[PDB]
């Protein structure tokens, strides 16, 4: 059975600075691959390295880039050409068309119209095989570009080989950072030249300069194929050479089949039926996007043991390491998806985080490849605790716990999003103030409270001393400190204790991150009942929620000085202020379940699934964010969502397919049957779980892991009685206390 046929790596490529439809590039790679490969249409340095509307390809590039904002590192490219040997990135570029392009996760092909050359590529985890099909020509070449900001290249003719290293990065690297690469051709060089600051030097073997490059060449007959075996390493040339062996002796067809098998192995863990082709394509493209980041950042030594270059301290050390993810995005449902369907993989990732802490002094928040300043919160605590509570346990729980405590009272001296910016005010006053020069203060406060609840959960589980447990139980309630009774919204609060004025609910940024108060007010994952109480009860709560959808999308952008794409994305979708591409609001619709109106969530979730995701190049409604926006769809299409990682609960939505089957790593399977599902029947009239009536608005992780059958009776009218009782409600902290 093949699922790769539904994956579109182009989904999200039709994006611009002004309006994101995903901001993705076609990642031709193995799952979680250390090195990704992509056609490059953008100029060197530009975060928009591949765009759907672009006319020309200027290289095939090794990339590690998680997003256009964060940008890239460990990057170099290769380009076949004919005619004059040219290195210039504009001069070597070739028109192409998407009808002359085939992109799959395991295999990429394109016809380059200006050189009359076909390029195919098939990667493994750290290596890749290229096959160039040349026209008849006395002057055919391959350009190797090591990129600028300091690089190295050397041609070795007696091995049909080029080696080099690239260093161009976007920050977050140690001073000795280098990516070492090796390229082996199956055809002898009849022409050879290295390049130095734009200058072509024939028969000069080596360059160590700002922007190194090489061009090798030969005569070709019509349709003649030249294969190039490539691998790189963050450790050394010798390790790069060892990484090369992932290719074995395979040709393009054999490596493509191995990558296809590898993708079907992970995609096939979730089988959906009874939908249309749009839905299959959206679902598996999203699942594909959910299995890329964080990437592996470790390599295998001669004994088959994991070692890694440390992007934190620049040493080479034993053990796992992963990178290129921002937890501010991915704590929400991406990592939870790993804990449900790919726990053995997240196990390696958690071990990697322990090593991050040991190597750097801090758990990461945004890492790429080392600590990077972007976004807010201490949501690493959610990642670590959710894994642990779900049976994904690192060996070194002492270091895990100490690292968490450390993160609650330090901030990284160079990277203000690593650790807790404002921890002194927060620990003392119960919030980060609005007038002490700490931007996004309300967003930090809300996420810290949830983060502190996660720590509370683990402290309690570990039976820490009662006063530790009590400290975090108290801090978990810190969200109350920003609640403004008058507006029923979260509000920036001055150091003296007065709420800030004038208060502007529609103002983006400033007190909040990537949105306004209407977006952030719902960020109380661990205590929705507490928020409902704050608002004066479930009826007023629902009224506030309903108004999010019903109001105009007016906004105040003074904080940014322009209509940033996130604001524009909200305005065009016609869902009031519900900006689905904004991460803070992505769990919000599920909160209708905690107020006793799950039918409202059923309505709105199907609206989002039907309207905010399409399978084309412009497929997302905003940034894909390293699996978060994709895993949202994967979960939601199945019919449930981890509103609160750190609990064992998935809050019920409404399934998209007639049947979904989950194959867990433990050998059990869960079948979700919704035979009467359709475009019109999106309400849950009733539900059963292994024969037992199920009226609760949540499923438990442990129950799912035992496997069996859920039966969902779909209907075109809401059931106003189902899931309204107190015993039907998912977890809230104030109910436990």
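Numbering follows the first chain given and starts at 1. Each form is matched to the other, and the largest set of C-alpha atoms that superpose within 1.5 Å is called the rigid core.
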How do 557-565 and 129-137 compare in 5 other deposited structures of this protein: which one has C-alphas farther from this form after the rigid core is matched? 557-565
Per the record, averaged over C-alpha atoms, which has the higher B-factor: 460-468 or 309-317? 460-468
Taking the deposited Cα B-factors and averaging over 288-296 and over 393-401, the higher mean is found in 393-401
Highest Cα temperature factor in the entry, among the options 258, 222, 568, 658: which one is it? 222
Quick one: which of 26, 45, 691, 59 shows the highest Cα temperature factor in the PDB entry? 691
Using the temperature factors of the C-alpha atoms in this entry, rank residue 329 within its chain: lowest, middle or highest third. lowest
Please say which third, lowest, middle or highest, residue 34 falls into when its CA temperature factor is compared across its chain. lowest
If you rank every modelled residue in this chain by C-alpha B factor, which third holds residue 706: lowest, middle or highest? highest
For residue 8, the third of its chain by CA B-factor is the lowest
Ranked C-alpha temperature factor of residue 15 among modelled chain residues, by third: middle
